[PDB]
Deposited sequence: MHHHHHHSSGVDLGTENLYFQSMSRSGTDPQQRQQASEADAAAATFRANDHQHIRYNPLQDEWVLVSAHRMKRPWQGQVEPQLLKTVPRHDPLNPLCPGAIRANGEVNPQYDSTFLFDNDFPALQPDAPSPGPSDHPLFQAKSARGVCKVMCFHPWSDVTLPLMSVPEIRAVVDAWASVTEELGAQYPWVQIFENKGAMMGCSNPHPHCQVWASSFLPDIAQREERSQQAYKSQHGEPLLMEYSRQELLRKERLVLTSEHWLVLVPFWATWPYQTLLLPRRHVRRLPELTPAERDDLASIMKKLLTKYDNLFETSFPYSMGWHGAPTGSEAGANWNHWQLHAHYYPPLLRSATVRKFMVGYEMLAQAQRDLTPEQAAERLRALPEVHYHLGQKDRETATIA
């Protein structure tokens, strides 16, 4: 364990490794609760599973004029269109994914597949993400995620498209399929393995207990998961997130999201280089209250970490799967 730098081939980034160093179940005023009034005056149904609605304060609208063409190579702007939705995971405000049952989480997975299929018919990128915890600026504790679909391929998606396309041309295999194969051989960064899925701490991880979740089968997009794969996803997510809560015995904050092959038009397109995966980016470092700050050097030079990915994976493997 000596200081060194490690490369992220998926997003083309180096990281410095300095190894040498109470929510009520229901609130009629919470606009995500069953029966509650949203900002546009609509009343939520008495839903008993997941619930999808249009964000009343959306970052993207479906209609917008395009900016003019760019008159200078340093001042480039392009059009942007999209739709932003909110997805409640469960009717109870006082539950989170790790406290939910496997069938309930399977309902979440089914709703993720449905909204990807639905919005993917019109938009080339559908970004599902969850922002969990006030530490991630989440102001509403009801269990949910957001879905932003966009007419442009976002920056990170462009980076992963570029690296995966390059990797499959150079080596004949999808980047993340070879990565899964290798981490199964190497063992030391695995967190969980199941029949259809694996969870690991990536070699190039930047956040302390960051994980990568990906299926064992080559799968380009979330809707292609079979029922067995979806149930197994629900199970393995429940185990991962329960480990996360047990790490510091608290409701573990994070941002997470799904990356799969671009949607929109598929005619004349080849996405075999893509592999479906999810990233988890948790801020906590040493306790329920001591976090990692991505500031200063990390903003001006390069991401930095003290805990090695292998130490983090070793700690995550040791944690119980029974919630505290």
What stretches of this chain's deposited sequence are missing C-alpha coordinates?
-> 1-49, 71-85, 389-401
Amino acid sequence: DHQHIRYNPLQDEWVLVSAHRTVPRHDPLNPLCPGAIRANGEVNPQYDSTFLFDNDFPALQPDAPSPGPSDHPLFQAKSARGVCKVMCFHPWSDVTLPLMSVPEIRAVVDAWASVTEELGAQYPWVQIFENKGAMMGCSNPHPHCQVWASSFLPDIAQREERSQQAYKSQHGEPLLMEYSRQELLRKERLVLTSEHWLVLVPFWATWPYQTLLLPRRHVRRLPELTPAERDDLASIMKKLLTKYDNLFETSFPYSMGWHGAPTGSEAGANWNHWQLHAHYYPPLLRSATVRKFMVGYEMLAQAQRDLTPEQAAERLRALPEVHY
From here on, numbers count along this sequence of modelled residues.
Mean Cα B-factor check, 277-285 vs 34-42, entry values; winner is 34-42
Between 122-130 and 248-256, name whichever shows the higher mean Cα B factor according to the PDB entry.
-> 248-256
Go through 52, 64, 60, 261 one by one and give the residue whose Cα B-factor in the PDB entry is largest.
-> 64
According to the deposited entry, which of 116, 211, 170, 158 has the largest Cα B-factor?
-> 170
Grab the CA temperature factor for residue 56 from the record and place it in the lowest, middle or highest third of its chain.
-> lowest
Place residue 93 in the lowest, middle or highest third of its chain's C-alpha B-factors, as listed in the PDB entry.
-> middle
Among the modelled residues of its chain, does the C-alpha B-factor of residue 78 lie in the lowest, middle or highest third?
-> lowest
Where does residue 299 sit by CA temperature factor within its chain: lowest, middle or highest third?
-> lowest
CA B-factor placement of residue 184, once the chain's modelled residues are sorted into thirds | middle
